[PDB]
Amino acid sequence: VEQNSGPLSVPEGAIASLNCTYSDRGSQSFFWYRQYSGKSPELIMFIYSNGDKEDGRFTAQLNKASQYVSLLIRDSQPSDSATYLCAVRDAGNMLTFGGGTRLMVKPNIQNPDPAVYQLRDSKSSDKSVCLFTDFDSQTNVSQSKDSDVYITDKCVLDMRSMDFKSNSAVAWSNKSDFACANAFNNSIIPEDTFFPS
């Protein structure tokens, strides 16, 4: 039995701490995996004896007396957001995987400019699209209370050439009374959220 935890949020630039514990004290090998939402698990590094092991911004800590393995991610970036799995090999060749710990490295929004814009309608679509963008990483986007209104969770895009990151959530619906002024009414948006006419 190998035990991970669940969902974790770490500020951009801080150290992300991921730990797992195992039951078999006769374990000989310990591994960390990184897995994105679509891809398959990818081995990031491994450790066999007690101490720390650095491999760039990754650090693997092992204490076999206390029965824990750790993965430290220094100078964490939003691209580190994935599910991190801890695997432990017993006295034989059998690997016991953990449930995995989902990591979310939220970006630092230096100049938060929360606003809800209405994008230009598409002549090929019957939907009106609203964009809640440029809010800071502490704002949570709640699900849709209306049935035929669809709201996605917040997304982090990185304009690399401008060194600019921003959050954004999309809301759309084909109702005739759908307006962006109340598209995110079921969420706790900032009070200074800009609502252009």
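Numbering starts at 1 and follows the sequence shown.
**Student:** Averaging the C-alpha B factors as listed in the entry, name the stretch that ends up higher: 76-84 or 91-99.
**Tutor:** Mean B over CA atoms: larger for 91-99.
**Student:** Give the stretch, out of 140-148 and 125-133, with the larger mean C-alpha temperature factor in the deposited entry.
**Tutor:** Higher of the two, by average CA B-factor, is 140-148.
**Student:** Whose CA atom has the top B-factor in the entry, of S17, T21, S176, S9?
**Tutor:** Of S17, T21, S176, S9, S176 has the highest C-alpha B-factor.
**Student:** Split into thirds by Cα B-factor across the chain's modelled residues, where does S168 land: lowest, middle or highest?
**Tutor:** Answer is lowest: the recorded C-alpha B-factor places it there.
**Student:** Of the three thirds of its chain by CA temperature factor, lowest, middle or highest, which one includes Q28?
**Tutor:** It belongs to the highest third of the chain when residues are ordered by C-alpha B-factor.
**Student:** Is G51 in the lowest, middle or highest third of its chain when residues are ranked by C-alpha B-factor?
**Tutor:** Answer is middle: the recorded C-alpha B-factor places it there.
**Student:** Can you work out whether the C-alpha temperature factor of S161 puts it in the lowest, middle or highest third of the chain?
**Tutor:** It belongs to the highest third of the chain when residues are ordered by C-alpha B-factor.
**Student:** Name the third of the chain's ranked CA B-factors that contains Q67, choosing lowest, middle or highest.
**Tutor:** It falls in the middle third of the chain.
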